[PDB]
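Peer 1:
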């Protein structure tokens, strides 16, 4: 989860608005609509149709951003255990109470 | 079951050896219909197996339950 944002969200710079195609409309001055205007024009212009648009830019995978284990280290401090010594003590009994 | 697992391992070794000799063209299941070694499959338990097993098996009841049933008997039979 923490990693998939790399390929999709791309820090809103690495896959979306990547460069030359950021501004293909002209200098808007008639109205102040700047960001929503360009977003609407981009959505409208994306009228092309494609199929089976496969790509394998990943190391050994299709359409994915491989998790850097170094970044995977950032997940250890969030996930939680289930803690109980009562269960540990209780398991003393089922197998012949470890006495008989 | 232990003594017969031993025979299972032995037949596995035999079938692996045969597969190595040939082009590894058959599994154990095919081996058992193409070939048969009846006398080899006759498992005979040697008490070494017993002395192995006896170390591993628990009693079916604890002392807690057994004393209960002992008292029950005492009540009904002891009089």
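Residue numbers (the authors' numbering), protein chains in the order written: chain C, 922 to 1021; chain B, 952 to 1030.
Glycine included, C-beta positions come from ideal geometry on N, C-alpha and C.
For chain C, is any of its Cβ atoms less than 8 Å away from the one on residue 1014 (chain B)?
Peer 2: So, interface residue.
Peer 1: Do three or more CB pairs link the segment 960-976 of chain B to the segment 985-1001 of chain C at distances below 8 Å?
Peer 2: No, they do not touch.
Peer 1: Take residue 944 (chain C) as the anchor and find which of C:932, C:961, C:929 has the nearest alpha-carbon.
Peer 2: Comparing Cα-Cα distances from residue 944 (chain C) to each of C:932, C:961, C:929, the minimum goes to C:961.
Peer 1: If you pair each beta-carbon of the segment 979-986 of chain C with each one of the segment 924-943 of chain C, do three or more pairs fall below 8 Å?
Peer 2: With a cut-off of 8 Å, the segment 924-943 of chain C and the segment 979-986 of chain C count as touching, because enough Cβ pairs lie within range.
Peer 1: Any C-beta of chain B within less than 7 Å: which residues of the segment 1002-1018 of chain C qualify?
Peer 2: Answer in chain order: 1016, 1017, 1018.
Peer 1: Does residue 975 (chain C) get closer than 8 Å to chain B when you measure Cβ to Cβ?
Peer 2: Output row for residue 975 (chain C): interface = no.
Peer 1: Give the interface partners of residue 1009 (chain B) over in chain C, defined as CB-CB distance under 8 Å, in chain order.
Peer 2: 1016, 1017, 1021, listed in chain order.
Peer 1: With distances taken Cα to Cα, identify the nearest neighbour of residue 1013 (chain B) among C:974, C:1014, C:1008.
Peer 2: Residue 1013 (chain B) has its Cα closest to that of C:1014, out of C:974, C:1014, C:1008.
Peer 1: What number of angstroms, rounded off, separates the C-alpha of residue 1009 (chain C) from the C-alpha of residue 936 (chain C)?
Peer 2: Using only the alpha carbons, I get a separation of about 51 Å.
Peer 1: Output the boundary residues of the alpha helix (DSSP H) element that contains residue 964 (chain C).
Peer 2: First-last of the alpha helix (DSSP H) with residue 964 (chain C): 956-966.
Peer 1: If you run the structure through DSSP and keep just helix, strand and coil, what is residue 968 (chain B)?
Peer 2: Note: residue 968 (chain B) maps to helix in three-state DSSP.
Peer 1: Assuming contact is defined by CB atoms lying nearer than 8 Å, are residue 1000 (chain B) and residue 954 (chain B) in contact in what I supplied?
Peer 2: Their beta carbons are under 8 Å apart, which means residue 1000 (chain B) touches residue 954 (chain B) by this criterion.
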